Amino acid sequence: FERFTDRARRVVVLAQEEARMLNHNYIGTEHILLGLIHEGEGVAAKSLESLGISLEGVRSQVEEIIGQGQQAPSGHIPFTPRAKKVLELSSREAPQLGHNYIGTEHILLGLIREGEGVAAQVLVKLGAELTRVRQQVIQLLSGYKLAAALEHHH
């Protein structure tokens, strides 16, 4: 979890809370996606919205599939191997873009690249294909960079 930002670490805490609220006995890709969409002003959320995807629409489609469990375990809810894979893919996606940090945008790209999980299935069906979201990530950051250079020009 070394290079995780405050916001990228809060998405994993909210994943544990989302699993607990639904009384699930596991943290899957679904809970990392439900964690992510709390951060409405981050690059991940802004990337999806700029592709005409709505956050509460993502929530409804994830929740319809995964349902509700019997009872959350009393201790830590265990991450699934694919949930672990999403987090590993997120930290390999950051360097490839030339980023010195793991942000909400890398977790979104991790969820999509994982490919097999509920998160990837929901996002792909809403038109959140990997290369399309990557391009949107890059354009948003380049777009933010230009606005802040205008600011900087006092």
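From 1 onward, residues are counted along the sequence shown.
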{"query": "Residue range whose averaged C-alpha B-factor is higher in the record, 26-34 or 54-62", "finding": "54-62"}
{"query": "Of 44-52 and 63-71, the one with larger mean CA B-factor", "finding": "63-71"}
{"query": "CA B-factor placement of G117, once the chain's modelled residues are sorted into thirds", "finding": "middle"}
{"query": "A19 - Cα temperature factor, lowest/middle/highest third of chain", "finding": "lowest"}
{"query": "Within-chain third of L87 by Cα B-factor, per the entry", "finding": "middle"}
{"query": "CA B-factor ranking of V11, expressed as a third of its chain", "finding": "lowest"}
{"query": "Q135 CA temperature factor, ranked by third within the chain", "finding": "highest"}
